[PDB]
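First the structure, which I've put down as structure tokens, then a few questions once you've had a look.
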């Protein structure tokens, strides 16, 4: 089925870098866009960035400019988010999910739209805490 | 840039009541807007796309409205299992952004 | 030593004059000299320090605005005025827009209008000058002949620092033993200061000649300032908008700092942190060598059995330094160093240690020499002949005269007719050379100067062409002179 | 502004390299040639002028390389 | 650098004034004339060239104003 | 006896990963982050969209 | 209304770290690992070395350098397609009605 | 020049100018290879992709 | 005095990367070469690589090819060794030390050479263990 | 490449005895060789450089010898505090390498 | 690639045979002749050219053998 399994929660020291994984199933792993959305406990949802499984194109939000890399393994049908220079503010839960995708490379607006952003089957979330 | 305002911040209501939310956009977003329900400790969930549209598998008491900068989400009859926090989502331009959220409290 | 490896170096053979030499030396360069006697010495030039500056000019590369009131009178009558226009610390401008019943007031015309603004500056330029006084050169004059201690590592104490200032002269110097030496600078013949400006930016500086540094645009301000904030200019700085009709506007111009870099290209920079670092430039000293000992004389010639540690080390045309470590008894005895041909002694090298010497014994003494253009057989050994080493120097006699001529050409360029002085005591011909090129190139100097790579080479080819037109044999005075000075000076310069 | 009068021919040049050393020249060339590529027509008309005026051949060449030097 | 490419002839203009607005032209002139004042000799030699080459009087005038334009 | 090593020529290699991108067919010339690390190989081409 | 962003020009930057190297020989053209990440800037130049430098052979040597590169200031330049872009006009009557 | 075993003595310049991926004597993890343009060719069939 | 203080022992998971620090004192931090030598408990000494404080030139052994980066901070007069793709074999103690030599950049064999590379002025070592 | 062989691997000896080690090189290393002493849990330490030379601060009972490929380290009189493992070090060519080591056991 | 620039004329040789040892020459000829057999027309046209240009008989011969050499 449409499904997402993220890796389990982790904790890191400030200034560090963390790598969270997003595995998917139930469709063609190259047929949907991936986005990462974060939620701080005392806050709502925040859109971190985007990766396209097909071909590897990527994009990110201004706030995380410089701080976040996205990669994939097609063979495993899995996406990797990574954040650098971890700081206490970064402590939150992270989420990943999809889009119904025209084709090559990632980001569209005009072609209708995805009609979500980590709400349908983005996964189960995972907790990460930046602490000393 | 695009600032999505969500109102009100919270509501308490008795079962069966009709409830509405409003989201106001700093720019004209046309028909791109979304309505989330999220229960605590759960991933967010779908309700409304294109501001006008139910998803399949969603109960019918849900509805959405509004066009240029302004929008209204509506539940016809409040139901207890609907306790959650709700959101609206601007996709336009792709500096992707969310509404701050609205919590419910059952009476 | 301390010369080796710097390339670009200045061998000066012989003295004569009863000990008279003329040396022209500048930082990246250095000089090695010889005579039919006296120890080979090297002149290496290091930091030049001008102590007391004095500050002429204030240039600011950045500013900001605020307050900035403005006014307009009317249709026709009057040209508007505003009180803050009186403090020149503001900037002012008149413009003309229009007014009328929309503006509300009088009868419908194109109106006068004014504006003013506060003006306050960001980063400055400190530019100062130094009088041909308070400025000094520091030289290391290093002996050859062993110890160990690098042909190199200008750090470390051998040739002292021999400081000099125009305020003094005659440059009395001493080294161990022979080391009595007399030098005489001519710093007033140096960079020609009072034409010069030292310009400190945020922490890099630049040495540029005065006039240009006067004429340079951007906000003026005199050395006195402190509170003055009196800046005189600003017209080339903050520009004013006047969109189609109404209003008008004032705009901070924005930092030019980089663009100013783009300007200061074509100039040697200078680091200045504490008081001066000054590098580059050049100077010419005259050297009187009289009282110099050979550093040892009446000795015995080694004993025998040298055992040698190193290489060959052919640098830059010749010198071929070798390092050897003597083994034996005989105590500081001369080292029988020789450079000869195949067998059948024709023997010719030329040796620059002159009179190499053993020290305290154990210590890696070293040598440098100049084998011929060809095969070379080098022999340090004596009683059982000890060590012969085969060598081959490649190159060509002709090629060496040629490259030499290239050197002397670069010398004709860069460092002018002081170059003609760079030899020593050519009697007539040298002097008359220095004068002929003196006034001669002087008139070519500056007059057709201020020109760059492009225009130089181009004007060159065109004038040599018009020369090739062959009238009245004057073509040569065109032509050969033309193409030479133009082309050759074309590519060499601009570095 | 300081954009031009870039203290070049001047004098005083030392043995040691100065600033943009061995760039700003080939900058200058590359710059202007680029602008030539962008506005070929002006090259055309100018050259025509060269074929019009003077035109004892070497002359043409000269006044043409003015076209090069016209303005960045 | 940006010191020279100063987006001038180009096109597109408009009915409204643009930027340096009746300055940068008279700037251009004033600065090159200034530099002429500073280096009179080069003017002299150049003019001489004008009297040498072509010389077809109008020609002289042209190549002269050229050799004025030639300073970067 | 004593040599010293100047050059590394490789006669064979292999590829992997190998992401790619395009902007759409005027504005922009596409970019990709891994173009950063010169350990990758890069090329621009032009197709259509 | 809707632009889209093509280009990033930076007008200012800064440097740090900035290692450098030389092989000293003849043999070899020097290398340094950080030359790998193009976020650095690199250059080859040639100076010289010898017994003063201490090592080999007495010649004019190859040498390299690299630096980390980071920019604070930008230019945002965007473009707009000959679409949603719009004009606004006031078309005013004459005939009285004060002011 | 040592290949997998066999070696060859060749004069310097040619061995400089020789094509194929460059890499300097320092190595040390560098994986820094210049070149590669003459290696690893890229297809671009008629229109789409590459 | 001539002195070296390395950071304390650490343990990591396989495939990871570890960063060990070497601080020095008692001389001009740019006047001596740095080398890293490892000792596995059931083995002797193994030469990992070299960094030059002045200028940053570096080199490494063939065995660790691809696996080890060396950097420095001159301001702190400190060197950093880092190993990547950690594996159980990597578990060992690491050491850092110096050389008197000539400089700009780091090899030499003909100039000076030797002189207690790491026997009189060697750090205190540090233990690193690659384990799950 | 510069394979360094160390012999023997271990020795046991009574106090005061003279002890010698030998290191053999696959290539001629000339005068570049070294002799370490290292006590357990301690950093290694200096003894011999250029194969011929004591360090200042080193006791005099230590000596070293050999030239082309072959070398011998020697302690004139075994002393109890000398219990350690000893090494020889090839610096030549810079694929820097050590001898395998020789342990001592006091009798 | 290494396919060409096969370190031939160069120098240094020696008293002992080198590598392809009395082949690669024979190779070079045989292959180019083979390619001649495959594309006779090009031979024809080329020869015609030889009869066209120069033609100074020896000339013809020369430019002909070149136009044989010319195929890469």
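Every chain is named by a letter (A, B, C, D, E, F, G, H, I, J and K) in the order it is written, and numbering of its residues begins at 1.
Rule of thumb we're sticking to: contacts are C-beta pairs under 8 Å (C-beta built on N, C-alpha and C of every residue); 3 or more make two chains touch, one makes a residue touch a chain.
Among the chains present, the centre nearest to the common Cα mean is that of G. Same-residue interface: chain D and chain E share over half of the residue numbers found at their contact.
Looking at which of F-G and C-G shares more C-beta pairs in contact, the answer is the pair C-G.
Centre-to-centre separation of chain I and chain J, using mean CA positions: 23 Å. Inter-chain centre distance (chain H to chain J, centres taken as mean C-alpha positions): 44 Å. Mean C-alpha position of chain A lies 38 Å from that of chain H.
Taking the mean of the C-alpha atoms as each chain's centre, chain D and chain H sit 39 Å apart.
The residues of chain F that reach two or more other chains are 2, 4-6, 20, 38-39, listed in rising order. In chain B, the residues that reach two or more other chains under the touch definition are 93.
Multi-chain contact residues of chain A (touching two or more other chains): 104. By the touch criterion stated above, chain I contacts chain J in their complex at residues 35, 44-47, 59, 61-62, 95, 107-109, 113-120, 122-125. Touching chain H in their complex are the following residues of chain F: 4-11, 13, 15, 20, 38-39, 41, 43, 45, 47-48. Against chain I, the residues of chain J that register as touching in their complex are 32, 34, 36-38, 43-47, 49-50, 55, 87, 89, 91-101.
Residues 8, 26-29, 191-192, 195, 206-209, 212, 215-218, 236, 256, 259-269, 279-282, 414-415, 446, 449-454, 456, 458, 462, 465, 493-495 of chain C are the ones that touch chain D when the two sit in their complex. Those residues of chain C that touch chain G in the shared complex are 2, 4-7, 150-154, 258, 313-316, 321.
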